[PDB]
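The block underneath contains the structure these notes are about, expressed in structure tokens.
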Amino acid sequence: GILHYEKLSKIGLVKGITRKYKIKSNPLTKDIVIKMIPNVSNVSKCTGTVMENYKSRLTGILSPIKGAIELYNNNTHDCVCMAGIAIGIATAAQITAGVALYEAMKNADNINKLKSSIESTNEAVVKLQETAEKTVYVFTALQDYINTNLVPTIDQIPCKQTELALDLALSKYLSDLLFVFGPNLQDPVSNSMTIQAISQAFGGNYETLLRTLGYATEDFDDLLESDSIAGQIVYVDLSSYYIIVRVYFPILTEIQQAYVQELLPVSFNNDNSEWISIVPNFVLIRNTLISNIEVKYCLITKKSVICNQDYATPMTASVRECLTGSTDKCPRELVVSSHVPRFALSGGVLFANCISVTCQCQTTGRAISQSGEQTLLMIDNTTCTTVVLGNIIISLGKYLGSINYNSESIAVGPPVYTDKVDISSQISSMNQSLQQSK
Amino acid sequence: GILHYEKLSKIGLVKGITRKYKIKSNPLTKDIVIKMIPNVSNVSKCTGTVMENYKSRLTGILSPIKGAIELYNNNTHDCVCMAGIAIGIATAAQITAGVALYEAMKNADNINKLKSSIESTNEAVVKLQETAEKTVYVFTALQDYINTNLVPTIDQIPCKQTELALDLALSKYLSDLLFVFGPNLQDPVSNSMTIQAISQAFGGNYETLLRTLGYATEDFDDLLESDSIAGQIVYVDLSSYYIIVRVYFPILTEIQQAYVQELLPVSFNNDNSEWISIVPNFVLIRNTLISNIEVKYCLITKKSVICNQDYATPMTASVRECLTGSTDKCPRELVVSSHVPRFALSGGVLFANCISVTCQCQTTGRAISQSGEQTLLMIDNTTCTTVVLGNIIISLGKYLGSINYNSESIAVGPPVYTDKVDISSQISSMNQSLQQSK
Amino acid sequence: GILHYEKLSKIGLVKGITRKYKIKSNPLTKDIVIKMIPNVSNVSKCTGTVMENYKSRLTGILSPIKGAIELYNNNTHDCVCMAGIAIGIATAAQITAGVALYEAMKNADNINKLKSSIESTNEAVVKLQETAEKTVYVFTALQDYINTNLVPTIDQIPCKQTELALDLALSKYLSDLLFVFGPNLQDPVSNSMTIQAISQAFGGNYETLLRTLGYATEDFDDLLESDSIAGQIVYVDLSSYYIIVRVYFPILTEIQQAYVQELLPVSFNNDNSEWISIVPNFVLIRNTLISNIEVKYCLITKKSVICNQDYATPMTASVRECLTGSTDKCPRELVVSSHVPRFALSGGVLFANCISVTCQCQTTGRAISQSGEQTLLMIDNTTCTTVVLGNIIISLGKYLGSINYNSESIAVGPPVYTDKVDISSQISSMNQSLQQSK
Ligand SMILES: *[C@@H]1O[C@H](CO)[C@@H](O)[C@H](O)[C@H]1NC(C)=O
Ligand SMILES: *[C@@H]1O[C@H](CO)[C@@H](O)[C@H](O)[C@H]1NC(C)=O
Ligand SMILES: *[C@@H]1O[C@H](CO)[C@@H](O)[C@H](O)[C@H]1NC(C)=O
Ligand SMILES: *[C@@H]1O[C@H](CO)[C@@H](O)[C@H](O)[C@H]1NC(C)=O
Ligand SMILES: *[C@@H]1O[C@H](CO)[C@@H](O)[C@H](O)[C@H]1NC(C)=O
Ligand SMILES: *[C@@H]1O[C@H](CO)[C@@H](O)[C@H](O)[C@H]1NC(C)=O
Ligand SMILES: *[C@@H]1O[C@H](CO)[C@@H](O)[C@H](O)[C@H]1NC(C)=O
Ligand SMILES: *[C@@H]1O[C@H](CO)[C@@H](O)[C@H](O)[C@H]1NC(C)=O
Ligand SMILES: *[C@@H]1O[C@H](CO)[C@@H](O)[C@H](O)[C@H]1NC(C)=O
Ligand SMILES: *[C@@H]1O[C@H](CO)[C@@H](O)[C@H](O)[C@H]1NC(C)=O
Ligand SMILES: *[C@@H]1O[C@H](CO)[C@@H](O)[C@H](O)[C@H]1NC(C)=O
Ligand SMILES: *[C@@H]1O[C@H](CO)[C@@H](O)[C@H](O)[C@H]1NC(C)=O
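If you read the protein sequences in the order shown, they are chains B, E and A. Per the entry's author numbering, the first sequence runs over residues 26 to 104, 113 to 471. Per the entry's author numbering, the second sequence runs over residues 26 to 104, 113 to 471. Per the entry's author numbering, the third sequence runs over residues 26 to 104, 113 to 471.
What follows is the structure, encoded as structure tokens:
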């Protein structure tokens, strides 16, 4: 690759798995209905004031979301035609989500004609014919719990306990719902809300939601774990207590001439001390351009790095030069923890710090020795066919690089400290020196 | 406001929603009892050794908490009168919590006179008359589960399976409880423990707790999501296995002459490349003082920023000058990701980077062009009444700033890189240069 | 200790609790079987296609894990001998985990001889005789739910609702399972994944797992909360849908001549302003060596700091000199928030910023005054026996340090700003100054 792997390997940074870059795109939209209140028609004998109190509590949660949705519904018309003077302040994502909301209102209007049928649902999952060809699924929360726990036990227990059990179930449902659908949800007009978060209105059963929707594909689990499947609330009903959610199932596009290269950090010896290299562990290479990538927001598999959006971030010229060969530009940090890697395997070849760990060859019985002028030792089956590292015995391959690897040395970079307080102290010391300098 | 909004918008910092500052204060205290063990009197036929093992396991969890509480209970008198010699080491928060614990012990002593009544509770929520006027609520864990699942199925299933079901429910209850009430809780003498965390002793039903306690308030959900409602364990019983928790319910005070200003980041063009501005997105302004605010610990709504404590943090003079007009002091960062904003709306006026995106006007049909010397374009209805951005059509309004906005240019700040490894490399390179100079 | 506690306290770093350092070591291994599919033989009348669909969905989840495990199984032989040529790329942790997997395969082969007995399990927890002396426990998911909820209600409700209830339970089980056992688990050959994460295959009942395994020890909860108890998947069956997990039980080893010292930050007055000190709050001292420690990954109790591995990190020379007495090297930060501590107690002695908070003595009735040249006031019973801080009254001990503490002053360190944008701006400004100089 573009990176100088041979020079990188001598300061740790052993070449790891090469993964292709995938980003979701081209979503397909399906509409579902989540009914936030169960049907207690069959336990209504002693529901008491529990349902009235629950409806009063749920109206206060659903009302701000509805108001924020009609804020964009009222100011979007047909020339998608948005009035910026009434909207006032919005971001590009908010305006795009408003456009998507306007597009979804066409189907929401057809769905809303089945309000009585939605009210009459008495099962957790039901199918309704929105049109002659389109079917809408209604997902009722706690309906399964009521049907399988409260209906069979109405006449067995004093149903004053059924009222308390129903009250506790509704409040526990609200307890899990409040983190996602509460005041934290200040921007319901957005398509970045994952289906897992939306499923909290259905008890967290996004598996049931997606399986019922019939979304079958090879990349289903990858899309789920990359947070690429998203839902958007397009309508809120305060009389029947249900929401219409549009689920956007996209497909993964492999970015052409793009891959993510992983570097395995290995401690190396320098100046009679143990060091580690402070460089990005994951490097994104698009065409011939080298840049950082925030892989913590992505899904990392053994074959590809999967993200819901482009997470590329800039890279300094010094770090780019370090990755392209200038090993003197690579920052390094002292090693004081005993639990730090000291060897790694790449292409059947072992890169080990044989000063911190004991390297012994099984073929000859003689220990492999590392001098004080060598940072790492490259052990292939030319040096000797089988090396022993304590309880580990490994058969080695042949190195595809230079034959004088262990004879040719390099230069090491400047030591650094990556702790927050240490960074602040370094900045202070450098400023107290720079004031004298200038 | 005090900020220079025009110059900030010229570098892509578009003015956002202005929110007032709210901090909780003046809490009212209520005492509740949480019984960590259910009443199995009606399933006692084949509970077996399960209850003995559960009590043995729960004693080891509750003993350190009781010891830590008695550490402060034993060293507080009337001469709130605290003996610092015996306490030894404590913080201001710990001492204030000890004072609150001493205040709560007066009511805890009255509550403890109903120990037999607490032991005899056989419902999830019961009401006990602590005095002639005060009422205390007892919340029993898994009591509803036992009453609605195990009691009705005593004679139907082989009750050796009931013993296994009871054992699994208790162990699952301990599994969720251990993260909050385990060795992590090293400081039970503190009033910073949220009611949501305390509710883990009741299966996570803080909604049930707060609804039973009453607590009718408009700011109820805001207080819940700002982590302002807190509870404190004031007494632990190792014989009846219950705890007394004092719930603190504060009110939200709007800080006078204080508001939080949000800045919407928009990419801008400079030197034939795309850049973003590295400035705080949320700026707290109290009176005429500008400072940072850690909004990640607060609750953000469309109307206010709500925090459980003051989260103001200092700001550098350079950043303050950047926010007050000195745009040459504003750090900027290169843009390499495709998924960063290019336009935003503020006051009916669109600030767009018409080089990265296509700006076309519907009224005239001609594309809106941005020269290479302009960072951003301000598009108001004085220019043209309706702009088109791909699939988005927006009606704009008059701008309230300078009429020569698109003719007047500004200066741009120094480029920076905000990655961790990039920061370390920059610090090392700058130290190398400084050492070479001196 | 090695730290200069007096000078540290004079800049608001009051000595806290001294905790010893503990790291897990010498694990003992026990093998368990988790059956990912329940036995629905007693509700098979109307399970329908639900079980077939669930098996199809679960095969896709479990197949990559089995493939990754067989990747190491196929390339490990008795000759522990590993073929590095076929492995290609691996880290030291991966190779050690492969060695552990090879060691566990010997017992996995004996366990797999009871495949029919594992298939026939119809209880949540059962005991099987793997050999004449060894015992293996099988944990079946949702088996208790089926036995106690679906079997008793087979003929009471329309069993078409039983099929929907079974479908929802299986899908909810998969929803919780997907985060741990989904595409995120790209490296099943590793012994660093905790038993709590493993328990997600059993509904999160790690308490049941460990109690059934019979692991009884004093440090049980400490090992649990330090993330020291870990499990490794050693075998995956795609025909019976179960996994074999080897649980590692380490012991907590107290590091000799090592302890973690905590410093309590207290605001202090300087130049008519309030400041805080930016130094590490937790300092790890091993022998005579001072270094940082990442205590966020560890478990902190009142007696010791417990970690699953060594988390020591380097410390700069400037920060070390600050901790050892050079108070002019200690970075300090301005105080703008009202909710920052102003006093603390250590050894019965109060260190308070009496400029910011009102200090009054009860014994004499006269207020304690702090001059503008003093950062903090040390108040012991030599000064006066009982101090009052608002609603707090504390009896004080005697200071064991210098008697001229409040008369001797020190020098203060350079001011710093710890915000991210502030750090970037400071770096840019210092680079601009350095470039102007050179
Ligand atoms: C939107 O318009 C409806 C009437 O169509 C009105 O009831 C509602 O209050 C409006 N909401 C907003 C936010 O303007
Ligand atoms: C409610 O009860 C009636 C009569 O007992 C029954 O026909 C109906 O199916 C029940 N509803 C549900 C959802 O089971
Ligand atoms: C050494 O490893 C290489 C792998 O590159 C392999 O082809 C070769 O057979 C091995 N043995 C020898 C003696 O080269
Ligand atoms: C700067 O470098 C010198 C020598 O290279 C070193 O002694 C000093 O500690 C370094 N300081 C910082 C803040 O990096
Ligand atoms: C507190 O005092 C009680 C007796 O009133 C005693 O049993 C207990 O052990 C003491 N605890 C501590 C921490 O001193
Ligand atoms: C326990 O059983 C008795 C007799 O069947 C009954 O009177 C009592 O109400 C039951 N307890 C509860 C809490 O239901
Ligand atoms: C531009 O919008 C303002 C309101 O913001 C309006 O008063 C003015 O007449 C508009 N000019 C047009 C439509 O040309
Ligand atoms: C400092 O600024 C110069 C020019 O402004 C630039 O070339 C260099 O990369 C910068 N270095 C750092 C560490 O900011
Ligand atoms: C399944 O049903 C049979 C016949 O009713 C019964 O003997 C057996 O115990 C049941 N299985 C379980 C696990 O209860
Ligand atoms: C491992 O070997 C088995 C046969 O023993 C084979 O079925 C399987 O595909 C192999 N897996 C890998 C990753 O080589
Ligand atoms: C002051 O505190 C010390 C420390 O415990 C104590 O020994 C002494 O009795 C106290 N009183 C006096 C008058 O020294
Ligand atoms: C450097 O120090 C000077 C005076 O000591 C100060 O004015 C300036 O703000 C500091 N710059 C930093 C900390 O970036």
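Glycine included, every Cβ here is placed at the ideal spot set by N, Cα and C.
(message) If contact is defined by three or more beta carbon pairs under 8 Å, each pair taking one atom from either stretch, is the segment 291-300 of chain B in contact with the segment 166-177 of chain B?
(response) no
(message) So, at 7 Å on beta carbons, what are the nonlocal neighbours of residue 178 (chain A) in its own chain, with the 5 sequence-adjacent residues on each side left out?
(response) Looking up residue 178 (chain A) in the third sequence gives position 145. The answer, listed in chain order, is 202.
(request) Look up residue 90 (chain A) in the DSSP assignment and say whether it is helix, strand or coil. (result) Reading the third sequence from its first residue, position 65 is the one you call residue 90 (chain A). Reduced to three states, the DSSP call for residue 90 (chain A) is helix.
(request) Within 10 angstroms of the Cβ of residue 355 (chain E), are there 16 or more other Cβ atoms? Answer buried if so, exposed if not. (result) The residue given as residue 355 (chain E) occupies position 322 in the second sequence. With 16 or more Cβ atoms within 10 Å of its Cβ, residue 355 (chain E) is classed as buried.
(request) State the Cα-Cα distance for the pair residue 239 (chain E) and residue 362 (chain E), rounded to the nearest angstrom. (result) As a first step, residue 239 (chain E) is located in the second sequence; it is residue number 206 there, counting from the start. As a first step, residue 362 (chain E) is located in the second sequence; it is residue number 329 there, counting from the start. Cα to Cα, the separation comes out at about 48 Å.
(request) Along the beta strand (DSSP E) that carries residue 44 (chain E), what are the first and last residues, could you check? (result) Within the second sequence, residue 44 (chain E) is the residue found at index 19, counting from 1. It spans 38-60 - the beta strand (DSSP E) in which residue 44 (chain E) sits, taken as one unbroken run.
(request) Identify the contact partners of residue 226 (chain E) in chain B, using a Cβ-Cβ distance below 9 Å as the criterion. (result) The sequence position of residue 226 (chain E) within the second sequence is 193, counting from 1. Under the 9 Å cutoff, chain B gives no residues; its nearest Cβ is about 17 Å from residue 226 (chain E).
(request) Could you pull out every residue in the same chain whose Cβ sits closer than 7 Å to the Cβ of residue 221 (chain E), ignoring the five residues on either side in sequence? (result) The residue given as residue 221 (chain E) occupies position 188 in the second sequence. Counting only Cβ-Cβ distances below 7 Å, and skipping sequence neighbours, we find 90, 93, 94 and 266.
(message) Cutting at 8 Å between CB atoms, please list the residues of its own chain near residue 86 (chain B), excluding the five before and the five after it.
(response) Working through the first sequence from its first residue, we reach residue 86 (chain B) at position 61. Only 207, 210, 211, 214 and 215 meet the Cβ criterion.
(message) Distance check for residue 74 (chain A) and residue 275 (chain A), CA to CA, integer angstroms please.
(response) The residue given as residue 275 (chain A) occupies position 242 in the third sequence. The residue given as residue 74 (chain A) occupies position 49 in the third sequence. If I take the Cα positions, the gap works out to 20 Å.
(message) Quick check: what's the CA-CA separation for residue 46 (chain B) versus residue 254 (chain A)?
(response) By 1-based counting over the first sequence, the position of residue 46 (chain B) is 21. By 1-based counting over the third sequence, the position of residue 254 (chain A) is 221. If I take the Cα positions, the gap works out to 42 Å.
(message) I'd like to know if residue 207 (chain E) contacts chain A, where contact means its C-beta is closer than 7 Å to some C-beta of that chain.
(response) Here residue 207 (chain E) refers to the residue found at position 174 of the second sequence. Yes, because at least one Cβ of chain A sits closer than 7 Å to the Cβ of residue 207 (chain E).
(request) Note down, in chain order, every chain A residue with its Cβ under 7 Å from the Cβ of residue 118 (chain E). (result) Here residue 118 (chain E) is taken as the residue at index 85 of the second sequence, counted from 1. Per Cβ cutoff of 7 Å: 381, 428 and 430.
(message) Going by DSSP, what residue range makes up the alpha helix (DSSP H) through residue 303 (chain B)?
(response) As a first step, residue 303 (chain B) is located in the first sequence; it is residue number 270 there, counting from the start. Residue 303 (chain B) -> not in any alpha helix (DSSP H); beta strand (DSSP E) instead, spanning 301-303.
(message) For a test of your reading of the model: does the CB of residue 182 (chain A) fall under 6 Å from any non-hydrogen atom of ligand 9? Yes or no.
(response) Sequence index remark: in the third sequence, residue 182 (chain A) carries index 149 (1-based). No.
(request) Provide the residue span of the beta strand (DSSP E) that contains residue 353 (chain B), from first to last. (result) The residue labelled residue 353 (chain B) in the question sits at position 320 within the first sequence. Segment 350-356 is the alpha helix (DSSP H) holding residue 353 (chain B); no beta strand (DSSP E) there.
(message) Please return the same chain residues whose Cβ sits closer than 7 Å to the Cβ of residue 115 (chain A), not counting the five positions on each side in sequence.
(response) In the third sequence, the residue the question calls residue 115 (chain A) occupies position 82. 100, 101, 128 and 131, listed in sequence order.
(message) Tell me whether the segment 441-459 of chain B and the segment 449-464 of chain E touch, counting them as touching only if at least three CB pairs, one residue from each stretch, are closer than 8 Å.
(response) yes
(request) Please name the residue, chosen from A:411, A:56, A:316 and A:326, that lies closest to residue 357 (chain A) on a Cα-to-Cα basis. (result) For the purposes of this step, residue 357 (chain A) is taken as residue 324 along the third sequence, with counting starting at 1. Selected option, being the one with the closest Cα: A:316.
(request) Report the residue ranges of all alpha helix (DSSP H) runs contained in full by the segment 224-294 of chain B; include only those spanning at least 4 residues, in chain order. (result) 228-231, 239-246 and 253-258
(request) Name, in chain order, the residues that DSSP records as bridge partners for residue 298 (chain E). (result) Taking the first residue of the second sequence as 1, we reach residue 298 (chain E) at position 265. Partner(s): E:38.
(request) Kindly say whether residue 401 (chain A), judged by its beta-carbon, lies nearer than 7 Å to any beta-carbon of chain B. (result) Walking along the third sequence from the start, residue 401 (chain A) turns up at place 368. Taking Cβ atoms only, chain B never reaches closer than 7 Å to residue 401 (chain A), which makes this a no.
(request) Identify every run of the alpha helix (DSSP H) within the segment 132-159 of chain E, keeping only runs that are complete inside it and at least 4 residues long; order them along the chain. (result) 148-152
(request) Just mark residue 260 (chain A) as buried or exposed, buried being the case when its beta carbon has 16 or more other beta carbons within 10 Å. (result) Here residue 260 (chain A) is taken as the residue at index 227 of the third sequence, counted from 1. Answer is buried; the Cβ neighbour count reaches 16.
(request) List the endpoints of the continuous beta strand (DSSP E) containing residue 425 (chain B). (result) To locate residue 425 (chain B), count along the first sequence from 1; it is residue 392. Start and end: 425-428.
(request) Return the CA-CA distance between residue 384 (chain B) and residue 360 (chain B), expressed in angstroms with no decimal places. (result) Position 351 of the first sequence, counted from the first residue, corresponds to residue 384 (chain B). Position 327 of the first sequence, counted from the first residue, corresponds to residue 360 (chain B). The alpha-carbon atoms of residue 384 (chain B) and residue 360 (chain B) are separated by roughly 17 Å.
(message) Whole angstroms are fine: how far does the CA of residue 411 (chain B) sit from the CA of residue 427 (chain B)?
(response) On the first sequence, residue 427 (chain B) is found 394 positions in, with the first residue counted as 1. On the first sequence, residue 411 (chain B) is found 378 positions in, with the first residue counted as 1. Each residue's Cα considered, the two are about 14 Å apart.
(request) Taking residue 215 (chain A) as the query, report the chain B residues whose CB atoms sit under 8 Å from its CB, ordered along the chain. (result) Counting from one through the third sequence, the residue named residue 215 (chain A) turns up at place 182. Those within 8 Å of residue 215 (chain A) in chain B are 254, 257 and 258.
(message) Is residue 177 (chain B) close to chain A? Criterion is C-beta to C-beta, closer than 7 Å.
(response) By one-based count along the first sequence, residue 177 (chain B) stands at place 144. Chain A, which has a Cβ nearer than 7 Å to the Cβ of residue 177 (chain B), makes this yes.
(request) Could you work out which residues of chain E lie near residue 104 (chain B), taking near to mean beta carbons separated by less than 7 Å? (result) Taking the first sequence and counting its residues from 1, the one referred to as residue 104 (chain B) is at position 79. Here the neighbours are 426.
(message) Does the distance between the C-beta of residue 96 (chain E) and the nearest non-hydrogen atom of ligand 5 fall short of 6 Å?
(response) As a first step, residue 96 (chain E) is located in the second sequence; it is residue number 71 there, counting from the start. At least one heavy atom of ligand 5 is nearer than 6 Å to the Cβ of residue 96 (chain E), so yes.
(message) Against chain B, with Cβ distances strictly below 7 Å, would residue 324 (chain A) count as a contact?
(response) Here residue 324 (chain A) refers to the residue found at position 291 of the third sequence. Chain B, which has a Cβ nearer than 7 Å to the Cβ of residue 324 (chain A), makes this yes.
(request) Can you say whether residue 304 (chain B) is buried or exposed, counting buried as having 16 or more other CB atoms within 10 angstroms of its CB? (result) For this step, residue 304 (chain B) is matched to residue 271 along the first sequence. Residue 304 (chain B) comes out exposed.
(request) Pull up the CB-CB distance for residue 72 (chain A) and residue 258 (chain A), whole angstroms please, since I reckon it's below 8 Å. (result) Position 47 of the third sequence, counted from the first residue, corresponds to residue 72 (chain A). Position 225 of the third sequence, counted from the first residue, corresponds to residue 258 (chain A). Their Cβ separation, rounded to whole angstroms, is 40 Å, which puts residue 72 (chain A) and residue 258 (chain A) out of contact at 8 Å.
(message) Counting C-beta neighbours from all protein chains within 10 Å, is the total for residue 3 (chain A) 16 or more, i.e. buried, or is it exposed?
(response) The question about residue 3 (chain A) has no answer, for chain A in this structure spans 26 to 471.
(request) Look at the alpha carbon of residue 145 (chain E) and the alpha carbon of residue 138 (chain E), and state the distance between them as a whole number of angstroms. (result) What you label residue 145 (chain E) is simply residue 112 of the second sequence in a count that begins at 1. What you label residue 138 (chain E) is simply residue 105 of the second sequence in a count that begins at 1. Straight-line Cα distance between these residues: approximately 10 Å.
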